[PDB]
Structure formats: C-alpha cells, structure tokens
Protein chains: 2
Amino acid sequence: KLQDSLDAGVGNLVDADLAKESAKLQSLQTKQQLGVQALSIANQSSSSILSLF
Amino acid sequence: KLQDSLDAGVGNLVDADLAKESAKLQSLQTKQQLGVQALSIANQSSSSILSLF
C-alpha cells in the first residue's frame, strides 16, 4: 500500500492534464495560421508605394 | 445472538446498496461521454474566424 502511495504521489507531481492541452493546442494552431496570414498582410505593405512612380 | 446483532448493525452502518450504484454508473458513463463531446465542441470554437481573414 505504501508503494502505491508513492506512485500516486509521483504521478500527482509530474502528470499533465491532457484535456487542457487539447484545447490549448487547437487555440495555438489557429493562432499560428492567423499569424502566418498577418505576416503575409504585413509583407504586402511595401508594394503600395511602387505605384507612386 | 448478540454477536450476530452487532455484525448486522455494522453492516447497516457501512454497507452500500449496489443496485442504485449500477444505474448511477450507467448515467455517469453517458454523462462523461456527453461531456467529452461538449468539450470537443468548445475546443472547435476558435476556428470560425479564420474564414474572415
């Protein structure tokens, strides 16, 4: 019983809560796609003054 | 007879009625799977605004 107690304790110290991780993964993936789109939008800005000449 | 009565009293004090526990187990498993589906639907919420950009 004491060994099972130490195993449950080590699991309480280290084990991750994966159900949080799935939601944070989905949010971070959507944020990555939005950041790539924002990078393209920022990249377009330089060409607007090409029409000036 | 007095020992039999004391054992019956201890059983009345601590023992559980498992027939209620069976229906509670079925309802709780169904509620757990429904909560997992609700969690997935909550995780999908962020994706809708990618279409706007």
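Residues numbered from 1 in each chain as written, not as in the entry; some residues may be left out. Chains lettered and ligands numbered in written order. Part of a larger assembly, values for the part shown. Heavy atoms only, no water.

- Looking at the PDB entry, chain A carries the name Flagellin FljM, with the source organism given as Caulobacter vibrioides.
- According to the record, the entry carries the title "Caulobacter crescentus FljJM flagellar filament (asymmetrical)".

### Quick word on the overall build of chain A
Then step 1. Within chain A, the regular secondary structure consists of two helices and zero strands.
Then step 2. A globule of 53 residues ought to have a C-alpha radius of gyration of about 10 Å, yet chain A, at 24 Å, is considerably larger.
Then step 3. For the C-alpha atoms alone, the extent of chain A along its principal axes is close to 80 × 15 × 5 Å.
Then step 4. Looking at chain A as a whole, 4% of its 53 residues qualify as buried.
Then step 5. Carbon and sulfur atoms make up 60% of the accessible area of chain A, which amounts to about 4,900 Å² in all. (Helix = DSSP H or I, 4+ residues; strand = E, 2+ residues; numbered from the N terminus. Rg over C-alpha atoms; globule rule 2.2 N^0.38 Å. Buried < 20%, exposed > 50% of the residue type's maximum accessible area, 1.4 Å probe, protein only. Areas by Shrake-Rupley, 256 points an atom, 1.4 Å probe, with all protein chains shown as cover.)

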